[PDB]
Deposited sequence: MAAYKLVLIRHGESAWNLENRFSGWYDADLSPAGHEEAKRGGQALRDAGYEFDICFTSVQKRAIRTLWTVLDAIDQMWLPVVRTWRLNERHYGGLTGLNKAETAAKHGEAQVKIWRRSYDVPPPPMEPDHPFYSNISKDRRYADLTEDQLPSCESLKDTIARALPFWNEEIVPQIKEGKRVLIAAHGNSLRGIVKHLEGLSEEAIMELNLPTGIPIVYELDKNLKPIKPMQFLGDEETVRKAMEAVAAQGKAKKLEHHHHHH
């Protein structure tokens, strides 16, 4: 009945520094730009067509979208940007590197934060070095004091992404529009959890590959089969083995 496509952006400049990004507006590295080019070419070779596109207000996802639309010769499509598809907000951890947080905040808190669906990191306070860069950026000036986060658990991120799905994306799908969504890991986890009916435990163990297009075949918007991946069979198998091993090593 309907076809939906998602794509997760690749490596950023702050991933090379092993630093928590969150709402900080870091750009793609050369490797992450290459990953977007490869996913665009896979869509081009298979003949995919879209009618409308959604992304966040962060340049690493917007530049991924731009690269895909260049590759498939569809730069003329309408594009809609929203803060509700941003990455999870990492609070006071924003800007710290990852071997430092265990010394700053303790091994017990690091374990809890990695394990839990509903425990937030510490808040970003006004003396934090990236407070003015993010909380006072004019792109968020139209948010209420309640909507602007100082920190987020996974449950929080999913709870602020799903109203945009429900209210803006679903009516385009029912109208027959072929939709493309270019966003981030945790905001796309929200959509996947809602579509497939996954548990909290399973969705915390699901890490999506980067730069690989994710395809859903859906009248009642229920998946006919689970997510499928577009690309060369061998390159896909290796990326999923890599992501699984990275997940297992963190426990």
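K.L.:
Should a student be asked to find the unmodelled regions, what ranges of the deposited sequence would be the right answer here?
P.N.:
Unmodelled stretches, in sequence order: 1 to 2, 221, 255 to 262.
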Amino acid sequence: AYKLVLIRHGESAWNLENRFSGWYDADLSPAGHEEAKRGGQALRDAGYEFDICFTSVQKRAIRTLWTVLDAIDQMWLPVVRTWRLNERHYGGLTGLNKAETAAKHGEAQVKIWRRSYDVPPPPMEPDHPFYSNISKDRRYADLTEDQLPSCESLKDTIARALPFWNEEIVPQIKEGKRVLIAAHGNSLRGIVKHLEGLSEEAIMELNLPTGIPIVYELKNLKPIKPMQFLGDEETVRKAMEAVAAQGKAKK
From here on, numbers count along this sequence of modelled residues.
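Take the two forms, superpose them, and find the largest set of C-alpha atoms that agree within 1.5 Å; that set is the rigid core.
K.L.:
Superpose by the rigid core and compare 106 to 114 with 173 to 181; which one moves more, by C-alpha RMS, in 9 other deposited structures of this protein?
P.N.:
Most displaced of the pair in 9 other deposited structures of this protein: 106 to 114.
K.L.:
To spell it out: superpose each other structure in 9 other deposited structures of this protein onto this one by the rigid core, compute Cα RMS over structures and residues for 89 to 97 and for 162 to 170. Which is larger?
P.N.:
Relative to the shown form, the greater RMS C-alpha distance in 9 other deposited structures of this protein belongs to 89 to 97.
K.L.:
Should the higher mean CA B-factor in the entry be assigned to 203 to 211 or to 58 to 66?
P.N.:
If you average the C-alpha B-factors of 203 to 211 and of 58 to 66, the larger mean comes out for 203 to 211.
K.L.:
On mean C-alpha B-factor from the PDB entry, just flag whether 172 to 180 or 68 to 76 is the higher one.
P.N.:
Averaged over C-alpha atoms, the B-factors run higher in 172 to 180.
K.L.:
Based on the PDB record, which member of 94, 157, 116, 135 exhibits the highest Cα temperature factor?
P.N.:
Comparing C-alpha B-factors across 94, 157, 116, 135, the top value belongs to 116.
K.L.:
Whose C-alpha has the highest temperature factor in the PDB entry: 88, 111, 84, 139?
P.N.:
Checking the PDB record, the top C-alpha B-factor among 88, 111, 84, 139 is at 111.
K.L.:
Would you check the entry's CA temperature factor for residue 51 and let me know if it's in the chain's lowest, middle or highest third?
P.N.:
As the PDB entry reports it, the C-alpha B-factor of residue 51 lands in the lowest third of its chain.
K.L.:
Taking the entry's C-alpha B-factors for this chain, is residue 19 in the lowest, middle or highest third?
P.N.:
As the PDB entry reports it, the C-alpha B-factor of residue 19 lands in the middle third of its chain.
K.L.:
What third of the chain, by the recorded C-alpha B-factor, contains residue 11?
P.N.:
According to the entry, residue 11 has a C-alpha B-factor in the chain's middle third.
K.L.:
Relative to the other modelled residues of the same chain, rank the CA B-factor of residue 187 and answer lowest, middle or highest third.
P.N.:
Lowest third, going by the recorded CA B-factors of the chain.
K.L.:
Lowest, middle or highest third: where is residue 40 by Cα B-factor in its chain?
P.N.:
For residue 40, whose C-alpha B-factor we compare with every modelled residue in the chain, the answer is the lowest third.
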